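Before any questions on binding or motion, here is one chain by itself as structure tokens, the form deposited in one PDB entry.
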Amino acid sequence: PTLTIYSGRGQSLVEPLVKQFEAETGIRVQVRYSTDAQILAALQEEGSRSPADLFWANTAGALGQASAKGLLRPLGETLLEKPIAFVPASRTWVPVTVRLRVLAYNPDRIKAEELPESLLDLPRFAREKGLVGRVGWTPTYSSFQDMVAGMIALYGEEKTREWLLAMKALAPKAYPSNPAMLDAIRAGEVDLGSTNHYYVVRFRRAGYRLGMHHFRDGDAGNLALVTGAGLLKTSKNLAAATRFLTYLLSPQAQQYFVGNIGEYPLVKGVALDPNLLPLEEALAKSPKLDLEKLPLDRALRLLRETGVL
């Protein structure tokens, strides 16, 4: 028995889990590591001999794309009852973890009670607190672009533009990664920036002091970012692949996601870091959107068009 996984998630995240699954089950697992976008391309040129069994994606959007193309199998209630939220409308993939957009800040240099209630108001807050040149962002980062796509869905292009241009007027510093940006907050180069919650979790665990601000309920700045996995219609190993999806939603694998990776789990029965907002409170702060249908290409166009990207 064998299993082939196309993974848009990183090898450092996936490998330890695949190894334990192999050790436990006797099933040989082969993984192809790529980006979600590149996997979507590969899936549309697949042979019939040894096709992939599973698509494990970094984003709901990529799985929604695979689903829209009719490449994914329906999943059953036995599996889909496990995650507490974010089960797709299509019901053709299972959400595995969630990552929350947040506002990171240095708590010694920035006062928690003064931070704005909406991401849209960040430029005004910065402007009025004297922080021109002291705001970071990550324009080339996947989740940042997802967040902008969220803003387009919720607010339309003009409020999003005014936001993008008002941010640009702040002379913000762009970082090639989130750890780079959080290191710059530590350094004193910038005081705050929009990021994913788990980067803050990782910095705190290393002993660094970072604040984690959430915007008002439903704000675009709180976008929930879901990872997930789907069974390919041409899987020749249906039982083994379903077994692997079940494994990803198991208490121990979910503790690995919370623990080794820092992401939010989607099952109960798992222990969170102290000072980390509990899972269901975190979910309540995110806007209600179809994560399978975020206007990502419009966001990218709008970012490329405005010279932020």
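When you see a residue number, it is the position in the sequence shown, counting from 1.
- As listed in the deposited structure, the average C-alpha B-factor of 141-149 and of 69-77 is greater for 69-77.
- With 266-274 and 241-249 compared on mean CA B-factor from the PDB entry, the stretch scoring higher is 266-274.
- In this structure the maximum Cα B-factor among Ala52, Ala284, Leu40, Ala60 is found at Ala284.
- For the set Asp183, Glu157, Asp191, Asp219, the PDB entry puts the maximum C-alpha B factor at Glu157.
- In the deposited entry, the Cα temperature factor of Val14 sits in the bottom third of values across the chain's modelled residues.
- In the PDB entry, a CA B factor belonging to the highest third of its chain's modelled residues is recorded for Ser48.
- Ranked by C-alpha B-factor against the other modelled residues of its chain, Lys173 falls in the middle third.
- Split the chain's modelled residues into thirds by C-alpha temperature factor. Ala126 is in the highest one.
- The PDB entry assigns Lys111 a C-alpha temperature factor belonging to the highest third of its chain's modelled residues.
If you look for the form deposited in another entry, you will not find it shown, but the lines that follow are about it.
- Treating the chain as two rigid parts that move between the shown form and the other one, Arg127 and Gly76 fall in separate parts.
- In the other form, the CA atoms of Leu71 and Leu300 sit closer together than in the displayed form, by at least 3 angstroms.
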